[PDB]
Amino acid sequence: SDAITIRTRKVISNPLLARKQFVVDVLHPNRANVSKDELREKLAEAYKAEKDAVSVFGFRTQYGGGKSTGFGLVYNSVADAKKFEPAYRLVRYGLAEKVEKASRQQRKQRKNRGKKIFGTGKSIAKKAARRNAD
Amino acid sequence: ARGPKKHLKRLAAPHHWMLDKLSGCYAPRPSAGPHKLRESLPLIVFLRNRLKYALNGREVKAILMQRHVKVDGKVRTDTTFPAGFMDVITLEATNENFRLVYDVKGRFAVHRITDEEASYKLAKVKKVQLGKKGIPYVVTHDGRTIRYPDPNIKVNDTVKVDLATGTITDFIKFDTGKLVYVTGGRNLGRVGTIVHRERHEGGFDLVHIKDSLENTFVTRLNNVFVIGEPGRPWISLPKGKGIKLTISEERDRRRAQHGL
Amino acid sequence: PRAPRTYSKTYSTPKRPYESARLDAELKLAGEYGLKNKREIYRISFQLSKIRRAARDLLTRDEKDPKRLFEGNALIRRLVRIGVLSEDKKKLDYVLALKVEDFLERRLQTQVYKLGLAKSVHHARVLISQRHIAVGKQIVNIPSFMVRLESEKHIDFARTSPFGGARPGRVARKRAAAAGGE
RNA sequence: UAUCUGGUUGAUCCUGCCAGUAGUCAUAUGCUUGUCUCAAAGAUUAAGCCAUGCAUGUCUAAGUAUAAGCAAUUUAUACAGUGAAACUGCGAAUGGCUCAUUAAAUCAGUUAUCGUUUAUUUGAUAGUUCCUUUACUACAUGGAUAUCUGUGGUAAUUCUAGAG
RNA sequence: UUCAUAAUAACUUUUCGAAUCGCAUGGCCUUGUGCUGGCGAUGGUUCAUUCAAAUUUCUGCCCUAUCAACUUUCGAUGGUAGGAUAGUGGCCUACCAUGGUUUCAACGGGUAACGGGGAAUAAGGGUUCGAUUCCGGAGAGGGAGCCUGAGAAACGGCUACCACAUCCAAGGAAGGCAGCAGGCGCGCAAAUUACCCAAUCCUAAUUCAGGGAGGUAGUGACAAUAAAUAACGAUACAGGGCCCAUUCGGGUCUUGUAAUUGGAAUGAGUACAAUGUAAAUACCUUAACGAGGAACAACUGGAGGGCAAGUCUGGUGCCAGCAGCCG
Ligand SMILES: [Mg+2]
Ligand SMILES: [Mg+2]
Ligand SMILES: [Mg+2]
Ligand SMILES: [Mg+2]
Ligand SMILES: [Mg+2]
Ligand SMILES: [Mg+2]
Ligand SMILES: [Mg+2]
Ligand SMILES: [Mg+2]
Ligand SMILES: [Mg+2]
Ligand SMILES: [Mg+2]
Ligand SMILES: [Mg+2]
Ligand SMILES: [Mg+2]
Ligand SMILES: [Mg+2]
Ligand SMILES: [Mg+2]
Ligand SMILES: [Mg+2]
Ligand SMILES: [Mg+2]
Ligand SMILES: [Mg+2]
Ligand SMILES: [Mg+2]
Ligand SMILES: [Mg+2]
Ligand SMILES: [Mg+2]
Ligand SMILES: [Mg+2]
Ligand SMILES: [Mg+2]
Ligand SMILES: [Mg+2]
Ligand SMILES: [Mg+2]
Ligand SMILES: [Mg+2]
Ligand SMILES: [Mg+2]
Ligand SMILES: [Mg+2]
Ligand SMILES: [Mg+2]
Ligand SMILES: [Mg+2]
Ligand SMILES: [Mg+2]
Ligand SMILES: [Mg+2]
Ligand SMILES: [Mg+2]
Ligand SMILES: [Mg+2]
């Protein structure tokens, strides 16, 4: 009596982005939300596409449980999904990796520190070293 | 302000772009281009909002960059291009062609229009002057400067640019009893026939317009755009043909044409 | 700076705060329909006053005037859709004759009481507040809800609720577990 | 969302105000405070003073590459890949904050520029640069200059002088 | 219109008229590095168009006469010529004229006055407010001066004075929070040195970089919306419609009051998860827990009148105190 059933309303093709856009209306009684990865797979074999060229987001389980609604897209190829989707969706789905970024404050600190020096700092480092030498 | 202004807050955007007053502090300021920003329509608004082909700014940027949008036969890869009135937007994907004409509520409605006629565009003549070395030229509302026009083409007239070569194909002379469009004010989107054009020595010409439903109004001549001869428009008019049904008549249309 | 969305008051406390007859009438209406506070009667009176200001303004206008027609029949269709104004008196002159009790009567509280699935008004209030009644498969935990005519036929206990058919709940499940264990 | 009530008198009718009453996207404050949505917020006195950290830098296939930076592998005898730095170009005059000055001043509605400047965006736009043409680089004219290599100065500052 | 434009004569310490980059590198054979040749990118004179910027016409401003005449030698009103201006213009200069505003309030003074769209209030007429989410204006401690550019009299651009200050090796150097945070002070009076470019957009050579613009969270009883703090039985103490009225009285028919007594439902909280989000909270959903004095305990004011509710009990005795007013 689980029978998670899925529907794609307002589906529009879009070769401008080589995609198919729709709103995901998922009916699921006696159950919590649909755990996106599982519904991505469901749309994958629903539209005859790989689990990589399918994306869902913006979900909202309506008041009182049961129905839930989100937005979904099906890309023509996995490469197009790679080259068109935002980085954070490619991180959610495991097809990309979080970029090793320093925090914003440290980046700004380093930007100002680079501002302090005109040109490469190769000369000034040795100059200062031999300066405090004497 | 000391110099030009480059930000357009969302509430200050025209009520014909008719965006959501929430979900954003600013609005797309149209870059300098063929149309007044108050009268124009940015490509990002036309795609993200009107067509919903995109979802947000990055998607619109990716759409425009790969040269799928063609404004009047040219690519126009900038996000806030002022695609104004009567311009033609071509998407080779979905092989679709749009011409921007106001729906009678007074808004840039999505008008899917055929490929065959999409080859050309119409334009209003705003100036007829004589440039250097004695060459006559005509300035349209797009800012297109067409060189060597027909000798009896005058101001306020209308002309039919082939949009491929960008030269003069045919033109329609402004005079009484002629099918006409309105491009500003309360009468946005309205289509009718010129009954009289009172001269008003000293400025601000006015014209009286009677539409098919036999309703009559009056509009400034700057605000007027001849579109053809009665019964024979030179373009494909949008759905409803700009009759401006009354609010009660609109309610009756909602009630009558209704199936669920 | 982002464009504000307008908050607005929905009630108006009366001028004379200690009118004996008015206080007794307010308590009568609160006890008849299980209203939590007397702000509820103020809110219904404010809604009635807004409707009534619109009605009188439209009445002042001349008969067979586009404003009169459009907005008057819009208001009448909205009120008959709510159900407070009976179909007999769609005239815009009986619309002034509506009383606060009429809008009180269309509350989901009183509607659940009328249908009989709640045998007491306070029972209707708690049953609504416990997420049991669903107006067309949609659970409504809100007593007023201004139940409309077209959807009153679809009030019943929700499927997720034990009354509509589900697991009983904390007390009964715990007692069943205790009985099974011992 | 057309309403009044207590108080001058032994008692009355008034004029009259005080007080009561209900607000307040008007704050402050007191006592309480369980939930969901939503949200103002160092304006009033001090446009008073500020430590500290950020708030504007920017490169596409397409201006300049000899980082003696990275890649050296399938594309590599000038150069192609990626790319610090610097020169070049552009923005930095947008945005954000405050209401101190200002009473035909600003501003609002409505005009005018046949009284002017306008990067940019968009549409067009030029044979003559010969000067007596019977001797010219047009198959491409010249010199610096940053970056860099090295020597310093000052206690220190986005301080930079000398040389190649 | 002396406009657009054209023409003649001339003038210029003579502006522009591509010595610039990417990709593809086709065709002709004059078969050579030969001749030509596409799509773009940057430039570039002029004229338009757009973003604009400057000025500009009419009308509209709060209080004050215990401000009735104000302005002109130092421009006050006008004329002309010149200078400057991007351009008109006493905008400035030279020479002339002696003018311009005013009881329809000029000029002066005050504004704890930025103007407006608007807010509160609401029978109608109005009164008060509008520092602040949008449009304009002005300012960056107060003043002046200026380079660069198309655009600044810029101030997260410079120069100097005044005020206030900082490091100092006492020679010098560097200042601008009415930006986001935060601090001192002030005062009745107002927030975390947080996350991030996800969304709105903006800048740039331009997708990619950047953005305390902005969004997200933190505090937040400024205001605003919906709304938990119990609900239903079975019993004992009762009350009303009663079959009549032998006193009755069954309670025949119902409605409350009792530390009696039962079975239910549910959140406020915790919390597997998943959704949410740039990542996280939080909300919507939901496992597993989570109500008996359901201690998971609602206060703030008042009980003479105005004004709803006590001439109950104890205390103090025109004290203490209460009282917006009468008391
Ligand atoms: Mg600004
Ligand atoms: Mg009155
Ligand atoms: Mg007396
Ligand atoms: Mg007395
Ligand atoms: Mg009073
Ligand atoms: Mg909850
Ligand atoms: Mg202040
Ligand atoms: Mg630079
Ligand atoms: Mg490169
Ligand atoms: Mg004054
Ligand atoms: Mg001329
Ligand atoms: Mg002059
Ligand atoms: Mg002031
Ligand atoms: Mg203001
Ligand atoms: Mg004001
Ligand atoms: Mg002030
Ligand atoms: Mg402003
Ligand atoms: Mg300034
Ligand atoms: Mg200051
Ligand atoms: Mg510039
Ligand atoms: Mg300054
Ligand atoms: Mg600053
Ligand atoms: Mg600034
Ligand atoms: Mg500087
Ligand atoms: Mg601050
Ligand atoms: Mg901010
Ligand atoms: Mg406060
Ligand atoms: Mg809190
Ligand atoms: Mg409690
Ligand atoms: Mg009490
Ligand atoms: Mg007391
Ligand atoms: Mg007492
Ligand atoms: Mg009383």
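Please report the base-10 log of the normalised intensity I(q)/I(0) for chain A, using a Debye sum with one equal scatterer per alpha carbon and no solvent, at each q in 0.22 (1/Å).
Relative scattering, expressed as log10 I(q)/I(0), comes to -1.26.
May I ask for the net charge around B:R190, where only other residues with Cβ less than 14 Å from the Cβ of B:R190 are counted and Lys, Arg are +1 while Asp, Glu are -1?
Net charge around B:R190: +4.
Could you compute the net charge surrounding B:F217? Neighbours are other residues with a C-beta less than 14 Å from the C-beta of B:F217; K and R count +1, D and E count -1.
Local net charge: +3.
Tell me which residues come under 5 Å, amide H to amide H, from B:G189 once H is placed; ignore anything under 5 positions away on its chain.
Result for B:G189 returns B:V182, B:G184.
Under Stokes-Einstein, with the Kirkwood radius over Cα pairs standing in for Rh, what whole-number D in µm²/s applies to the protein assembly as shown at 4 °C and 1.567 mPa s?
This corresponds to a translational diffusion coefficient of 42 µm²/s.
Once you wrap a convex hull around the alpha carbon atoms of region B:1-66, what is its projected area averaged over all directions, in nm²?
Directional mean of the projected Cα hull area for region B:1-66 stands at 5.3 nm².
Which whole-number percent gives the relative contact order of region B:1-116, counting Cα pairs below 8 Å spaced six or more residues apart?
Once divided by the residue count of region B:1-116, the mean separation gives 21 percent.
Whole-Hz Karplus ³J(HN,Hα) for region A:24-36, in order, using 6.51 cos²θ - 1.76 cosθ + 1.60 and θ = phi - 60°, x for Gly and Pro?
8, 10, 10, 9, 8, x, 5, 6, 7, 4, 9, 6, 2
Which entries in the list A:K82/B:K70; A:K108/B:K52; A:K51/B:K9 go over 30 Å, if you measure between the two C-alpha atoms of each?
With Cα atoms farther than 30 Å apart: A:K108/B:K52; A:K51/B:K9.
Under a 5 Å amide H to amide H cut-off, with H placed in plane at 1.01 Å, what residues pair with B:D205 once short-range neighbours are removed?
HN-HN under 5 Å from B:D205: B:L221.
C:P17: net charge of surrounding residues, Cβ under 15 Å, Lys/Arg +1, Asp/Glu -1, itself excluded?
Here the charged neighbours net out to +2.
May I ask you to work out the translational diffusion coefficient for region C:1-115 at 10 °C, viscosity 1.306 mPa s, via Stokes-Einstein with Rh from the Kirkwood sum over Cα pairs, reported in whole µm²/s?
98
Two decimals is fine: what is log10 I(q)/I(0) at q = 0.16, 0.25, 0.29 Å⁻¹ for region B:121-171, from a Debye sum with one equal scatterer on every Cα and no solvent?
Taking Cα atoms of region B:121-171 as identical point scatterers yields -0.37, -0.91, -1.21.
Where the Cα atoms of region B:71-214 are projected onto their three principal axes, how long is each span, largest first, in whole Å?
51, 49, 28
In square nanometres, what is the average projected area of the Cα convex hull of region C:17-182?
Approximately 12.9 nm², given one-decimal rounding.
About its Cα centre, what dipole magnitude does the protein assembly as shown give when the only charges are +1 on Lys and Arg Cβ and -1 on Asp and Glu Cβ, stated in debye to the nearest 20?
Roughly 3280 debye, rounded to the nearest 20.
Let's test this: bin the Cα-Cα distances of region A:55-134 at 10 Å from zero up to the farthest pair and state each bin's percent.
13, 22, 19, 18, 13, 9, 5, 1
If you place +1 on the Cβ of every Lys and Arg, -1 on the Cβ of every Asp and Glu, and leave all else neutral, what size is the dipole of chain C about its Cα centre, to the nearest 20 Debye?
Around 720 debye, computed over chain C.
What whole-number volume per residue, in cubic angstrom, does the convex hull of the C-alpha atoms of region B:1-116 give?
So the per-residue hull volume is 113 Å³.
Once the mean 1/r over all distinct Cα pairs of region B:161-219 is inverted, what Kirkwood radius in angstroms do you read off?
Radius from the Kirkwood sum: 13.1 Å.
What Kirkwood Rh does chain B have if only Cα atoms enter the pairwise 1/r average? Answer in Å.
19.8
Would you grab the residues whose amide H sits under 5 Å from the one on B:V195? Only those 5+ places off in sequence or on another chain, please, with H modelled 1.01 Å from N.
Amide H neighbours of B:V195, under 5 Å, 5+ apart: B:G177, B:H208, B:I209, B:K210.
For the protein assembly as shown, what does the helix formula give at 222 nm: sum of -39500 (n - 2.57) over DSSP H segments with n ≥ 4, over the residue count, nearest 500 deg cm²/dmol?
Calculated at 222 nm, the ellipticity per residue is -8500 deg cm²/dmol.
Among the listed pairs A:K83/A:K115; A:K20/B:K5; C:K36/C:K99; A:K101/A:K122, give every one whose C-alpha distance is greater than 29 Å.
From A:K83/A:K115; A:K20/B:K5; C:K36/C:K99; A:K101/A:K122, over 29 Å: A:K83/A:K115; A:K20/B:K5.
Region B:173-260: which GluC sites (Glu not before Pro) are DSSP loop and have at most 10 other beta-carbon atoms within 10 angstrom?
Loop-located and lightly packed - B:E201, B:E214.
Karplus couplings for region B:246-253 from phi (6.51 cos²θ - 1.76 cosθ + 1.60, θ = phi - 60°), rounded to Hz, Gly and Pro as x?
In residue order, the calculated couplings are 5, 4, 5, 5, 5, 4, 5, 5 Hz.
Values in this text are rule-based calculations from the coordinates and carry no lab data. All Cβ positions, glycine included, derive from the backbone under ideal geometry; neighbour counts span all protein chains shown.
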